Amino acid sequence: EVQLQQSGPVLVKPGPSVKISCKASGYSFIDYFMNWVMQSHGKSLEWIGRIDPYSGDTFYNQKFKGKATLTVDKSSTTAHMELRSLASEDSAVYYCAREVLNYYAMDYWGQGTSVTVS
Amino acid sequence: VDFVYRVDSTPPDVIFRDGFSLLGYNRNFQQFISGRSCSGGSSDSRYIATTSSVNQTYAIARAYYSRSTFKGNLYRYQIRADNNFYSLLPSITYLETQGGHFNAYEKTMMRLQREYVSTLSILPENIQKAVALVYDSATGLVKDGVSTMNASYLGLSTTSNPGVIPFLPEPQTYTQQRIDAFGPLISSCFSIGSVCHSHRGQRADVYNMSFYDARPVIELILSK
Amino acid sequence: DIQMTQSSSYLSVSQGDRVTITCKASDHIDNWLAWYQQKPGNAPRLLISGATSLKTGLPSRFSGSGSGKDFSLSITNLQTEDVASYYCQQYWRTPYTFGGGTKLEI
Amino acid sequence: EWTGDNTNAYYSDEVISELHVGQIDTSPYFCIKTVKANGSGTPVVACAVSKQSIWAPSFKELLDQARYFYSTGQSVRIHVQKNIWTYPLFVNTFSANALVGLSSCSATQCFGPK
Amino acid sequence: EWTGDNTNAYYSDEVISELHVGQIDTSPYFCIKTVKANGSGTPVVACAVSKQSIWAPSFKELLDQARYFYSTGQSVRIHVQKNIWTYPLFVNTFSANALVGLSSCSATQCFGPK
Amino acid sequence: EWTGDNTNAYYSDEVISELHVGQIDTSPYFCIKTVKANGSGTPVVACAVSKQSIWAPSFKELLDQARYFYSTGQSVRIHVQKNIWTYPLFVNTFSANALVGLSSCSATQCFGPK
Amino acid sequence: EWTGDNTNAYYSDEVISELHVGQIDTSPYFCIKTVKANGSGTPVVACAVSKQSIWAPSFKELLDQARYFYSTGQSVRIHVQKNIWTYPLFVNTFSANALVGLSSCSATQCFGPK
Amino acid sequence: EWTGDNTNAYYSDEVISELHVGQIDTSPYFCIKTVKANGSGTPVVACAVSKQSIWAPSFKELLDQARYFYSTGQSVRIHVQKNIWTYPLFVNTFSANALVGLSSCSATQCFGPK
Amino acid sequence: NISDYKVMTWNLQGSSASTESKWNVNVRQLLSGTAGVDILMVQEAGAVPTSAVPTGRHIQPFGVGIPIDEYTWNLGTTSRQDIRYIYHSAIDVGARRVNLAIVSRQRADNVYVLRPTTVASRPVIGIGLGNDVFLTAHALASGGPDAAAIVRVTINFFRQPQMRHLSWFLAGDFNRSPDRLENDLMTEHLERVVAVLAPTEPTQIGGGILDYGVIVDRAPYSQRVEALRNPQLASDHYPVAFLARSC
């Protein structure tokens, strides 16, 4: 079935560059927009950006730019989220979800990638 | 002109959501003016009257509100014109030199309506506001009501097209066709039914205005 | 960014209760909104997309409604599994924003 | 002697469905067979001769109004002074009514005497 | 003396397809060539002079009526009187009949005399 | 004595919503209940009897014009002379005014006496 | 003395392209400049004065009808009596012809005297 | 004495934009506000009284004709006898001109006297 | 709107006629006269009518920029200029031979080229008439593999911010029956963003309903566009007419 096998939790140094892979399996990954949402341990959701794998088009939330650079690899159907300056505020779970259509809800999400600083 | 108006029975949300659609594909203008292609006859007109004068909309509403069978309300839909909104006079003047003929009853009608026929369907992007026309029976007035202004009205800097309606088919040298008209000699293409109402969901019952021949009523009020 | 909010941060409602959760937007997003259910540990599961289109293969007890800047995810007969956080997320503009999160209770 | 007198009956919400013209007693006349705008009611036939009855002066101006309204078919309140004609083949053909005045009608209010 | 007299033949379901206006014997007149609504029958031509026949008083009210029905082109029941005009070149042109009264015709029933 | 006399009240921007035609004291007449084009104001009921008042000579031309403006419904500037009729029921029915003329109206300016 | 006389030339299939109304010698008149339906032929200008020529009694009827055929623009066979007006400027302006009667026209044959 | 008399000014390509009927000196009248079809020029107004001027006989033939050319708003050529009305409040309202005759207008040729 | 125009779809693949005859004799029967067709989607447009002349108007289409060459194609006599604007597409990318033509009555102020995600698929070339868009496609004859991706790319592109108000309508030889295309756009496409429009009877001498169109639901009055099938023409499959449901 259509699922998004995320990466395992990762604990980071003070302000390094971390990578959060999102293995998209069960559908044509090159056809849909892969999104990225961060939700603090108790806060609401915050969508970071998107990535059009066919053309690599990217749209961010205009505030994660300096701390998130989306990128995918059509081969293996995986979406990588290179986050920079992993401050203590960036300690949260980052979800990846396939957007059915451009500017549409996100049908399938990932289990989550709990990132923490220490 | 700058903003043409059209009276309809569909609530403002329905129009701001769907807008006004054509009645069909018949581009025969001589039929439209005479109301043959509008709700009167074949009901396949490819235009929408959209009178410019607010007075005509009141007359349109008064034509409806002044019937013992019309129950629903009636609000005016201020419609912004664009490059696709065409008047009559440029379109008639062209259909005349092209061999066509518009008998003085049609010219009589077209002068009173000040029509600005929309060759294309009026999208909600153009409809600016809908003025719910209330009617005081005891006085016969058509007063304005809550003017629910459209939300997605794209206030483009456009005006009516003073050119000739494109794709006007060959006209008929002489028609003698029943010029359908309702109320105070208003063209039949202003009726609620002059635009298709196949909106999403249960189609609210649209009033079936019984039109009349404009030729006689015209010829009667001129002579004698 | 057309932010969004949920006036009810904890829509305390017992079983079998008609749990309608509000959502206000900062701009007309008519027919363009998403309701995601998120258990305490599970991931956000899309329930409603657009105006009221219920996700294929989901319980019919849920129900969406509203347009413009107001919306309402109706839950006729609540359930323990259905007692979780909900997020209304507009997608009318490229900066996406989710609701405040109306974590249900009893 | 006025169309609005209590002796002249009025039929509101009427539309002139049919219209007739001719001559009788060497004088033109016109009879209107009106029906309710909603098709209900009973056929109300109203006549008027150009020289017979006291309402003759208005003939030239009622016929033009009956003809006008007939062309438009709009609701109108026709006023009739009942039992004014006696010619058997005339009263039995159209009616005994005698159109004394027409008046445009709105949805509920009929502008005219009642 | 009445447009509905049994001596005046009436033609129902007729439509005035052609209308002529002219003068004869220093008096205006008009002729209407009526064909059946469904194109059946024969063209019934009915005339009326302003100062010739006993139906002169109604000419003013018939020409305007004929001109009206001739405009809307609706079904009408014209009432003509046979053998009224005697001018040789006239009867050969239009008819020997003389219009004496018209009436609107609905789908089934032609309101008027008969 | 003229339609534009300072004593003749004129209501501009009106439209003839209803048009009554009847008879009074053996004389045709017609009343027009005109309403403001923009729904403002109050309905102005104006009459013009054919033989009663000094405006009778204009009746045949007012009726034929009021009918034309009532038919078209275009904006007009009707002129009236208040308190002309004395029949209690009449003035109680239509009004005490007396239509003394009509005039076409453009967008802003109504061509006529003001 | 009749619109269909052999001396009253008739122009068939014409349509009234223009219609002028004025006054001449303390009497109204009108002149219709008719052209063929297919643009062929020559403009047939036919005038009619209310009291000057022998066709006076028909003016009020020809005008009311010539205006109609001019309004409808339908093909019509207007009957003219050439060389009936004598006023120099007049005959030079419109024509020497004098309208003696109009007639409606079918696809091929025109209902009227020929 | 004729609408084409050189002493009468003719305004070509005009369209009757506004038409006003009234009464003056116990005599019906009507004034037309004629503007150029292309909106150019100046408002050319012309009146006509039923009993005042020498162009009175053609009043009924011009009112109903002006009403026709006013309804169609077609290009027409109106003829005026300037300086004919002396009533102070009248000449100041509409004009001193007196409509003596109307005329339809083609693209370039305004059929009528000039 | 879409019902605003007499939109039609057709393919030039005939296997028994000339490559340019149907353009001159058959397509004309659909376009000529106001009772004809407004927008005709011509697939397998191996070449535009010789009687047409290029207009040279450069086009910077949206989405993926491919050379789109607009032609002026008079239909009537030299007196009554029945001018038609053929928006053709021949050579775009290594997946050459597009052969998609969109002939319309009025010139298009915008032209759209929406290359689907597949690599061997044909670009979705469409025209733009004010607030209306009319796209066409030609999927692969192996069962409409990119047919789903052909319609999805169109949706994804017209959900954009500035391209949202438009009322687009994709119609071409999807090579995949509606029940099969509607199957690829149901698992996740749960909003019913598009309402497939296909005729009842088949649209090919041997095939099924391969020829049809699809209209975005959110577009105004999309429910009016009913897909009827034009009588048999010289091509291998019928032309699908997209008229408006009577009122």
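Just so it is clear, none of the values below were taken in a lab; they were calculated from the coordinates. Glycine also receives a Cβ, built like all others from the backbone with ideal geometry; neighbour counts cover every protein chain displayed.
Condition check ((1) on the phi < 0 side of the Ramachandran plot; (2) buried (at least 22 other Cβ atoms within 10 Å of the Cβ); (3) touching a residue at least 60 places away in the same chain (Cβ under 8 Å); (4) in contact with a strand residue (DSSP E or B) (Cβ under 7 Å, 6 or more places away or on another chain)) across all residues:
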site	(1), (2), (3), (4)
I:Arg84	yes, yes, no, yes
I:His88	yes, yes, no, yes
I:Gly94	yes, no, no, no
I:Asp109	yes, no, no, yes
I:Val113	yes, yes, no, yes
I:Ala120	yes, no, no, no
I:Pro145	yes, no, no, no
Yes/no for H:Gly101 being free of Cβ contacts under 8 Å to residues at least 24 places away in the same chain and assigned to a strand (DSSP E or B): no
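Here is a yes/no grid of residues against (1) without any contact (Cβ under 8 Å) to a residue 60 or more places away in the chain; (2) within 14 Å of chain I (Cβ to nearest Cβ); (3) assigned to a helix (DSSP H, G or I); (4) more than 24 Å from I:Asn131 (Cα to Cα):
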position	(1), (2), (3), (4)
B:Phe16	no, yes, yes, no
B:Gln31	no, yes, yes, yes
B:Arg36	no, no, no, yes
B:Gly40	no, yes, no, yes
B:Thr51	no, no, no, no
B:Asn55	yes, no, yes, yes
B:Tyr64	no, no, yes, yes
B:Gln78	no, no, no, no
B:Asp82	no, yes, no, no
Residue list for the range F:78-94, restricted to those being buried (at least 23 other Cβ atoms within 10 Å of the Cβ) and within 11 Å of chain D (Cβ to nearest Cβ): F:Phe90, F:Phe94
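Here is a yes/no grid of residues against (1) of a type in the set (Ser, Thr, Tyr); (2) closer than 21 Å to B:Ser152 by Cα:
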{"position": "B:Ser21", "(1), (2)": "yes, yes"}
{"position": "B:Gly24", "(1), (2)": "no, no"}
{"position": "B:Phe29", "(1), (2)": "no, no"}
{"position": "B:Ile33", "(1), (2)": "no, no"}
{"position": "B:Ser39", "(1), (2)": "yes, no"}
{"position": "B:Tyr58", "(1), (2)": "yes, no"}
{"position": "B:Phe70", "(1), (2)": "no, no"}
{"position": "B:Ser91", "(1), (2)": "yes, no"}
{"position": "B:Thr97", "(1), (2)": "yes, no"}
Matching strands (runs of 3 or more DSSP E) fully within the range I:171-247 where at least 1 residues are of a type in the set (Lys, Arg): I:225-229
Residue list for the range I:96-126, restricted to those being among the aliphatic types (A, V, I, L, M), outside any strand (DSSP E or B) and either farther than 16 Å from I:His138 by Cα or within 14 Å of chain A (Cβ to nearest Cβ) (or both): I:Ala108, I:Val119, I:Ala120
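Rundown of residues vs (1) away from chain B (no Cβ under 13 Å); (2) of a type in the set (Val, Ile, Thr); (3) surrounded by 24 or more Cβ atoms within 10 Å (Cβ to Cβ), yes/no style:
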position	(1), (2), (3)
I:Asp184	yes, no, no
I:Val194	yes, yes, yes
I:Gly206	yes, no, no
I:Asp236	yes, no, no
I:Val240	yes, yes, yes
I:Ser246	no, no, no
One residue from B:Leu123, B:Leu133, B:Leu141 being crowded, with 19+ Cβ neighbours inside 10 Å, free of Cβ contacts under 8 Å to residues at least 40 places away in the same chain and more than 30 Å from B:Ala104 (Cβ to Cβ): B:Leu141
Residue count for the range I:156-166, restricted to those that are farther than 12 Å from I:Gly126 by Cβ and buried (at least 24 other Cβ atoms within 10 Å of the Cβ): 1
Set B:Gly163, B:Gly99: member being of a type outside the set (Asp, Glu) and either over 17 Å from B:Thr50 (Cα atoms) or assigned to a helix (DSSP H, G or I) (or both): B:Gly99
Looking only at the range G:60-76, and only at residues there that are over 18 Å from H:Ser106 (Cα atoms) and among the hydrophobic types (A, V, I, L, M, F, W, C), the one that is farthest from the other protein chains (Cβ to nearest Cβ): G:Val76
Matching residues in the range B:66-76 - criterion: being more than 8 Å from every other protein chain (Cβ to nearest Cβ) and of a type in the set (A, V, I, L, M, F, W, C): B:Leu74
Residue identified as assigned to a loop (DSSP other than H, G, I, E, B) and under 15 Å from the mean Cα position of the chain (by Cα) among A:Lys63, A:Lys43: A:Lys63
Residue that is farthest from I:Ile39 (Cα to Cα) [pool: residues in the range I:133-143 that are out of contact with any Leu (no Cβ under 7 Å at 6 or more places or on another chain) and crowded, with 24+ Cβ neighbours inside 10 Å]: I:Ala139
Any hit, the range B:20-28, residues being in a helix (DSSP H, G or I) and of a type in the set (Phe, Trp, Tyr): no
Residue within the range B:34-47 that is surrounded by 24 or more Cβ atoms within 10 Å (Cβ to Cβ), of a type in the set (D, E, K, R) and closer than 30 Å to G:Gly73 by Cβ present: yes
Which listed residue is closer than 27 Å to B:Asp44 by Cα and of a type in the set (A, V, I, L, M, F, W, C), from I:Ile66, I:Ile59, I:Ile39: I:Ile39
Failed item in (1) assigned to a helix (DSSP H, G or I); (2) within 14 Å of chain E (Cβ to nearest Cβ), with D:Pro57 passing the rest: (2)
Residues satisfying the stated conditions in the range E:1-14, i.e. within 8 Å of another protein chain (Cβ to nearest Cβ) and not polar (S, T, N, Q): E:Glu1, E:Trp2, E:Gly4, E:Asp5
Test for A:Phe29: is it within 20 Å of I:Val153 (Cα to Cα), surrounded by 21 or more Cβ atoms within 10 Å (Cβ to Cβ) and over 12 Å from the mean Cα position of the chain (by Cα): yes
Pairs, first under 13 Å from D:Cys31 (Cβ atoms) in the range D:42-60, second in a helix (DSSP H, G or I), C-beta under 6 Å, six or more apart: D:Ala48/D:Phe59; D:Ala48/D:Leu62; D:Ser50/D:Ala56; D:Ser50/D:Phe59
Test set (1) surrounded by fewer than 22 Cβ atoms within 10 Å (Cβ to Cβ); (2) facing chain E (nearest Cβ under 8 Å) - D:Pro43 fails condition number: (2)
In the range A:30-50, the residues that are over 23 Å from C:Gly101 (Cβ atoms), free of Cβ contacts under 8 Å to residues at least 60 places away in the same chain and not acidic (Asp, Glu): A:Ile30
Search result, residues across the range B:160-205 that are farther than 30 Å from E:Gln65 by Cβ, in contact (Cβ under 8 Å) with a residue 24 or more places away in the chain and more than 10 Å from every other protein chain (Cβ to nearest Cβ): B:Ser160, B:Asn161, B:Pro162, B:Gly163, B:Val164, B:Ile165, B:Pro171, B:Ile192, B:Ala204, B:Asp205
Residues of the range F:15-38 classified as away from chain D (no Cβ under 14 Å) and surrounded by 22 or more Cβ atoms within 10 Å (Cβ to Cβ), total: 2
